[PDB]
Amino acid sequence: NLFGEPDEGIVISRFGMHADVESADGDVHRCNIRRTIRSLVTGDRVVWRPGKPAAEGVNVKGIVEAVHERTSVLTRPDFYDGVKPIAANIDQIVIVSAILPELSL
RNA sequence: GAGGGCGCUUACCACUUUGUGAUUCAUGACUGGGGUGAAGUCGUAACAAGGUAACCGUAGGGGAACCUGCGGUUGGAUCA
Ligand SMILES: [Mg+2]
Ligand SMILES: [Mg+2]
Ligand SMILES: [Mg+2]
């Protein structure tokens, strides 16, 4: 509770109970998520509020309220897990492989 | 003179010093796991004969669930 400014920022990573949200200038600021969010992926622009600092300058987390629309999505299903998106909102993928241990086709 | 006091010395002994032990708390780089986590990734182990029957004990293997070897049990299906 006692949230801050609703703004647009880029989510750095996903950690289940919380997420890392980069602001509009390059500030690593970890936040938790809203209960009604169906999914949150790496690199998804969101609407979020950075809580409120309890100590002056020292805050713990904020919240991520809403999720914008998807440009792309990477949905891959799995046995006994269902269809799960991995990453989203991307224009180019680079398939990276190595000759070790194997190079399959 | 007898005797006493003072003073000195000795025995006992508190505090105090060194050497070196046992025990206890606080601090403590680092490090060993374990628990609590609905949505995170990795796999599909077990529960049906759960798709190589499972499990216990022991040795080895490898991100991991686990696997194989030896022996035991039915807390196993199908049974003749
Ligand atoms: Mg299995
Ligand atoms: Mg089995
Ligand atoms: Mg056996």
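Taken together, the criteria exclude A:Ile99 from residues that are part of a loop (DSSP other than H, G, I, E, B), of a type outside the set (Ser, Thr, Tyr) and in contact (Cβ under 8 Å) with a residue 24 or more places away in the chain. Contact map, the stretch A:14-43: residues that are at positive phi paired with residues that are buried (at least 16 other Cβ atoms within 10 Å of the Cβ) and in a loop (DSSP other than H, G, I, E, B), Cβ distance under 8 Å, separation 6+ or inter-chain. Pairs shown: A:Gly43/A:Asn89. Being touching a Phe, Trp or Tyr at 6+ places or on another chain (Cβ under 8 Å) and among the aliphatic types (A, V, I, L, M) is the filter here; which residues of the stretch A:21-65 pass it? Of everything in the stretch A:21-65, those that are touching a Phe, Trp or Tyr at 6+ places or on another chain (Cβ under 8 Å) and among the aliphatic types (A, V, I, L, M) turn out to be A:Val21, A:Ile63, A:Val64.
FYI, it's all coordinate maths here, none of it is from the lab. Don't worry about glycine lacking a Cβ; one is built from the backbone with ideal geometry, like all the others, and counts go over all protein chains shown.
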